[PDB]
Amino acid sequence: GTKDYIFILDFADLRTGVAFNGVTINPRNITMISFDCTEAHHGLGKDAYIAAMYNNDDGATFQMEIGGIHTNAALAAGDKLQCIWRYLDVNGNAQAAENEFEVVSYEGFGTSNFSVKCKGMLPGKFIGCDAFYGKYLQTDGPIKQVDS
Amino acid sequence: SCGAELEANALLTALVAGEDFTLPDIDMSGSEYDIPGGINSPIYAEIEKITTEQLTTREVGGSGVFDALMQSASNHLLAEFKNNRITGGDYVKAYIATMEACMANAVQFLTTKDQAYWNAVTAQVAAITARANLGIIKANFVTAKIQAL
Amino acid sequence: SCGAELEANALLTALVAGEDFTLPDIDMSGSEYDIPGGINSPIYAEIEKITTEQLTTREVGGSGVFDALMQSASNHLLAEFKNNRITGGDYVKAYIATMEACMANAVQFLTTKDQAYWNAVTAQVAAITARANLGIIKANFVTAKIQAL
Amino acid sequence: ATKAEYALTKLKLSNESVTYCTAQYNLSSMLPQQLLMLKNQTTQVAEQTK
Amino acid sequence: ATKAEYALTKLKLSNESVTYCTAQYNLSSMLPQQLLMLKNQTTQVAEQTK
Amino acid sequence: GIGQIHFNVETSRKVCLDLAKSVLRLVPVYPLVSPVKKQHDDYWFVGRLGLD
């Protein structure tokens, strides 16, 4: 709800994470500092959302939907997706977690709704998702030309 | 009911009037009372056993304390040698001369460095616990005054 | 039943009103309060006794502290020797000269390295227990204030 | 066990309130009637003397 | 538990006040009537001797 | 305290089924249509200069 905001880069307390829960960079040895600039439509960017997530009977994989996606998008095996999701613990208490998942396969090109098979196990029953990151994919896709 | 609670409140308000007892207002969840890093701090990393291969790897290349101590001295001497200030013989003689002090210092650096670090995390933990103990002391002051009365 | 429990609840709600007592909300199963490794950590590995075969194996090859300390020096001298800087005599003389400091340092490295590691596990455990003790201190703050009242 | 002693103290509060209410009723409504009875008894003693 | 004992002590204050009030009433308004009854009983004893 | 004012879980599922059936009754078929109607293998990624 505002348009007057600042971006502050403090070289003390550099915590690497989506939710600032991770290793801290050592400020005493840095080679370059490059800002990551992308567009809104970069790789199913703006309007994606997780919807459902659940385990599979297989040893390895688990299933994940991806929600609203612009038509000109595709996923190849090996792409990585990050999200902040909430689950129900075994004891019955809600928790929050962040993770990075690989992909093995998917279905539904061009229909704007994907169902992706991903590697790994899930710690509990799904509740909701608060943030989703679907950037840096392998396969190319055309978009309407924009100058900014 | 007859409002025994109202009588108790009024009596307590009237009996202890004339003095001020204000409790401390420290909030102990403000991230100033937590150890800096989470699970990803170097405190929670696994400690590896010290072996001979961490002292010297029997190669001129490196990856050891003695090897690095020799290579740095060789680099400095070669830096002076590339300028037409010495010849090969002087460089070789100085290298051979330092070859033993390098070993003597390398044997000590490992043992001292494995302790110089672990003597500091304990100081961190002590200071962070001492903040909370100071808060408890501030809380005990008021109980001391009430004991006087 | 006459609701004795309801009367007690109302009486606490009325009598202690006007003050804030909020207990801490630490979750003490979050893996920040556990020793890093499981059974696979080197803490649970068997300790081997110190024997003379660990110092020197009476062979030029290796598998000992003294043998490795001699081989590294020999490798450095031979690396300088293959470059046209010294001859066989200089190499042999330097080798024989170092052959005593090698023994002197090898006798010490074993005994010091057996402690350099075990002085760090105790520090890790002390820090991890200090976190929980800090939690208990945060819990004791509120008891201190209520004792004052 | 320390958890259970807390509930015991709360129930003790609940009984204390009723003790207060009973004492207040006794003070307010029972004693003056006993005083009236004693006042009635003294005059009967005088009449017995007569 | 230390939180609950505080409320217990406050309710004890509440009962102590009523104990004081009852003692004061008994002193001020009840004992002199008993004294008057004794003064009435002694004369009846004298009449019985007569 | 107050009692019997909110649905159970099973009744909530039944009401949701009823709502889904009603909405499907209004809209039997999927209305939306997509410009891309084939799989990725059929299309050929080409680059052009500005249109015309």
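Numbering of residues starts from 1 on every chain and follows the written order of that chain's sequence, so it may differ from the entry's own numbering; residues lacking coordinates are omitted. All chains are assigned letters beginning at A, and all ligands numbers beginning at 1, according to the order in which they are written. Any value reported refers to the chains on display, which are one part of a larger assembly. Neither water nor hydrogens contribute to the side-chain values; these are computed over all heavy atoms in the structure.

- For this entry, the PDB record names cryo-EM as the structure determination method and reports a resolution of 3.2 Å.

1. Structural notes on the overall build of chain A
Thinking step 1. A tally of helices and strands in chain A yields zero helices and seven strands.
Thinking step 2. Put simply, DSSP H or I for four residues or longer makes a helix, DSSP E for two residues or longer makes a strand, and each gets a number counted from the N terminus. Seen in sequence order, chain A has helices and strands lined up from the N terminus as β-β-β-β-β-β-β.
Thinking step 3. Each residue's exposure class comes from its accessible area (1.4 Å probe, protein chains only) as a fraction of the maximum for that residue type: buried when under 20%, exposed when over 50%, partly exposed otherwise. Split into buried and exposed, the 148 residues of chain A put 24% on the buried side.
Thinking step 4. Should any heavy atoms of two residues lie within 4.5 Å, those residues are counted as being in contact. Counting only contacts in chain A whose residues sit at least 6 apart along the sequence, the fraction spanning at least 24 positions is 61%.
Thinking step 5. Element-wise, carbon and sulfur atoms account for 50% of the exposed surface of chain A, whose accessible area totals about 10400 Å².
Thinking step 6. When charges are counted, neither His nor the chain ends are considered; positive counts come from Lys and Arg and negative counts from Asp and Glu. Where a charge lies is defined by one atom per residue type, namely NZ (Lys), CZ (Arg), CG (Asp) and CD (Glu). Distance from the positive charge centre (11 side chains) to the negative charge centre (18 side chains) of chain A: 3 Å. Using a 1.4 Å probe, accessible areas were evaluated by the Shrake-Rupley method; residue-level cover was limited to the displayed protein chains.

2. Brief notes about the pairing of strand β3 (residues 81–88) of chain A
Residues and elements named next belong to chain A.
Thinking step 1. Here a strand pair is declared whenever DSSP counts at least two bridges between the two strands. With eight bridges joining them, β3 and strand β4 (residues 94–101) adopt antiparallel strand pairing. Pairing of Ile84 across the sheet is with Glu98, part of β4.
Thinking step 2. As paired strands, β3 and strand β7 (residues 125–133) are joined by seven bridges and run antiparallel to one another. Counterpart to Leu88 in the pairing with β7 is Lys125.

3. Quick notes on helix α5 (residues 101–116) of chain C
Thinking step 1. Under the 1.5 Å per step criterion, the end-to-end length of α5 of chain C is 22 Å for 16 residues, consistent within 8% with the ideal 22 Å.
Thinking step 2. Turning to α5 of chain C, its buried residues are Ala101, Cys102, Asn105, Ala106, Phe109, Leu110, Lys113 and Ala116 of chain C.
Thinking step 3. Its buried side turned inward, α5 of chain C meets α3 (88–116) of chain B together with α2 (52–55), α3 (65–82), α4 (88–98) and α6 (118–148) of chain C. Every helix has an expected span of 1.5 Å times one less than the residues it contains.

4. Focus: the sheet that holds β3 of chain A
Residues and elements named next belong to chain A.
Thinking step 1. If you walk across this open sheet you meet the three strands as β4-β3-β7, and the pairing is antiparallel. At either end of the open sheet lies a strand with only one pairing partner, and these are β4 and β7. The sheet shows a mean angle of 25° between the axes of neighbouring strands, taken without regard to direction. Think of each axis as a best-fit line through the C-alpha atoms, taken over the contacting stretch in the case of a helix, with angles from 0 to 180 degrees between the N-to-C directions.

5. Things to note about the pattern of salt bridges
Thinking step 1. Salt bridges are identified by distance alone: a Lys or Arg side-chain nitrogen within 4 Å of an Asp or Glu carboxyl oxygen. Throughout the structure, instances matching the rule amount to ten salt bridges over all chains.
Thinking step 2. Ionic pairing is found between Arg85 of chain B and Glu80 of chain B, a salt bridge with its closest N-O pair at 3.8 Å.
Thinking step 3. Residue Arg131 of chain C pairs with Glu32 of chain C through a salt bridge whose shortest N-O separation is 3.0 Å. Residue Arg131 of chain C is located in helix α6, and its partner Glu32 of chain C is located in the loop between α1 (4–15) and α2; the two are separated by 99 residues in the primary sequence.
Thinking step 4. You can call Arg131 of chain C buried: its relative accessible area is 11%.

6. Structural notes on the side chain of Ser72 of chain C
Thinking step 1. Within the secondary structure, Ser72 of chain C is located in helix α3.
Thinking step 2. Those residues in contact with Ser72 of chain C that lie beyond four places of it in its chain are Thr56, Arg58 and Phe66 of chain B.

7. Focus on the packing of aromatic side chains
Residues and elements named next belong to chain B.
Thinking step 1. Two aromatic rings from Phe, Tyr or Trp, using only the six-membered ring of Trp, form a pair when their centres are within 6.5 Å; if the ring planes differ by under 30 degrees the pair is stacked, by over 60 it is edge-to-face, and anything between is tilted. With the rule as written, the count across this model stands at ten aromatic pairs over all chains.
Thinking step 2. Plain terms: the ring middles of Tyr91 and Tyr95 are 6.0 Å apart, the flat faces sit at 20° to each other, and that makes the pair stacked. In this pair, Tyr91 and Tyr95 are both assigned in helix α3, four residues apart and thus about one turn of the helix distant.
Thinking step 3. Here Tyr91 falls in the buried class, since its relative accessible area comes to 2%.
Thinking step 4. What makes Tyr95 buried here is its relative accessible area of 8%.
Thinking step 5. Relative to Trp118, the ring of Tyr117 has its centre 5.0 Å away and its plane inclined at 45°; by these criteria the two rings are tilted.
Thinking step 6. Judged by relative accessible area, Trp118 falls into the buried class, the value being 9%.

8. So, the relation of the copies chain D and chain E
Thinking step 1. Remark: copies superposed by least squares on C-alpha atoms. Expressed as a screw transformation, the operator carrying chain D onto chain E has a rotation angle of 30° and an axial translation of 0.0 Å, and the superposed copies differ by an RMSD of 0.1 Å.
Thinking step 2. When the interface residues of chain D are mapped onto chain E, a mere 10% of them are again interface residues, pointing to distinct binding faces.

9. Quick word on the state of the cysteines
Thinking step 1. Any pair of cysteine sulfurs within 2.5 Å is marked as a disulfide. Counted under the stated rule, the structure contains zero disulfides over all chains.
Thinking step 2. No disulfide involves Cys2 of chain C; its sulfur sits 13 Å from that of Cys21 of chain D, the nearest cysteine.

10. Details of the interface of chain D and chain E
Thinking step 1. The interface is formed by 20 residues belonging to chain D together with 22 residues belonging to chain E.
Thinking step 2. The interface formed by chain D and chain E contains zero salt bridges.
Thinking step 3. Distance and chemistry together define a polar contact, namely a pair of N or O atoms within 3.5 Å, with one atom able to donate a hydrogen and the other to accept it when in protein, and with adjacent residues in sequence counting only for side-chain atoms on both sides. Where chain D meets chain E, there are three residue pairs in polar contact.
Thinking step 4. Residue classes follow a fixed rule: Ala, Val, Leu, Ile, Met, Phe, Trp, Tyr, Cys and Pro count as nonpolar, while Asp, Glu, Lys and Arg count as charged, and any other residue, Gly among them, counts as polar. Among the residues making up the side of chain D that touches chain E, the classes are represented as ten nonpolar, seven polar and three charged.

11. Details of the packing of helix α1 (residues 2–49) of chain D against helix α1 (residues 2–49) of chain E
Thinking step 1. Relative orientation of the contacting elements α1 of chain D and α1 of chain E amounts to 15°, with a least axis distance of 10 Å. It follows from the interaxial angle that α1 of chain D and α1 of chain E lie roughly parallel. Along this stretch, α1 of chain D crosses α1 of chain E, giving a crossing that reads as left-handed.
Thinking step 2. Partitioned by chemical class, the residues of the contact of α1 of chain D with α1 of chain E number 19 nonpolar, 17 polar and five charged. For classification purposes, an angle smaller than 35 degrees is called roughly parallel, one larger than 145 roughly antiparallel, one from 65 to 115 roughly perpendicular, and anything else oblique. For any helix crossing, the convention is left-handed if the near helix is rotated counterclockwise from the far helix by under a right angle, and right-handed if that rotation is clockwise.

12. A closer look at the interface of chain C and chain B
Thinking step 1. Facing the 58 residues of chain C at the interface are 58 residues of chain B.
Thinking step 2. Joining two parts hides part of their accessible area as seen by a 1.4 Å probe, and the buried area is that hidden amount summed over both. Interface area for chain C against chain B, summed over the two sides, is near 5000 Å², with a carbon-plus-sulfur share of 72%.
Thinking step 3. Of all residues in chain C, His76, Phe109 and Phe141 of chain C bury the most surface against chain B, accounting for 14% of the area lost on that side.
Thinking step 4. On the surface where chain C and chain B come into contact, there are one salt bridge.
Thinking step 5. The partner of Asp34 of chain B in a salt bridge is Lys138 of chain C, and the shortest N-O contact between them spans 3.9 Å.
Thinking step 6. The interface formed by chain C and chain B includes nine residue pairs in polar contact.

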